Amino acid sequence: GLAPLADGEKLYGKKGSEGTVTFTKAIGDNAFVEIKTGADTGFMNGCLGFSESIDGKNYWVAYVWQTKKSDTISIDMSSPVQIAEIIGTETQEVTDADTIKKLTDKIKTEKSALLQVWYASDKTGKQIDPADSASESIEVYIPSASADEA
C-alpha cells in the first residue's frame, strides 16, 4: 500500500460540492491521489483534510501531497504533517504524540475526506491562479477488499 494499484482493485471516492470525497467504507491505512496535470503545469500541491473531536477539544489535520507530472500519490494515513487545535477563531500546533495517535485512529474509521489544491505554477515558474485549474482531473481511491487481503 505505497505502490499504486490495478484498476479492478481501486475503490474510488465520490466527489461532493466543497471538494468533499466520500467512500462506501472506512478509509483505513492508505489513500491514493490520482492526478492528471494540465500540459503547461510544472508544479502542484495540496492535501487531504480531516476534523475530529476529543472530549471538548476540536482539531484539524492535513496530509500533504505534491507533484510535477501526471501521477498517483500514495498517502499513509498514520503520518499526518499538520495538526492544530481550533480554539475559537485561533489555532494551536499539536506535537503531542499521544494526542496525534488518537486522532489517526479516529481518522482511519472515517468515510469522507476533504481534497484541496493549494498552489500550482507553470513551466516558467509563474503561478496558476486558481491552482485548481492546473489539473485536468483529480480523484482519490482506496484498496478493494480483495487487494486488501494481501
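Each residue number is its position in the shown sequence, starting from 1.
- Of the residues listed, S112, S70, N58, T89, the entry assigns the biggest Cα temperature factor to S70.
- In the PDB entry, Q127 places in the highest third of its chain by CA B-factor.
- The entry lists a Cα temperature factor for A97 that places it in the highest third of the chain's modelled residues.
- In the PDB entry, a CA B factor belonging to the middle third of its chain's modelled residues is recorded for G28.
- In the deposited entry, the Cα temperature factor of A39 sits in the top third of values across the chain's modelled residues.
- Among the modelled residues of its chain, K15 has a C-alpha B-factor that falls in the lowest third according to the deposited record.
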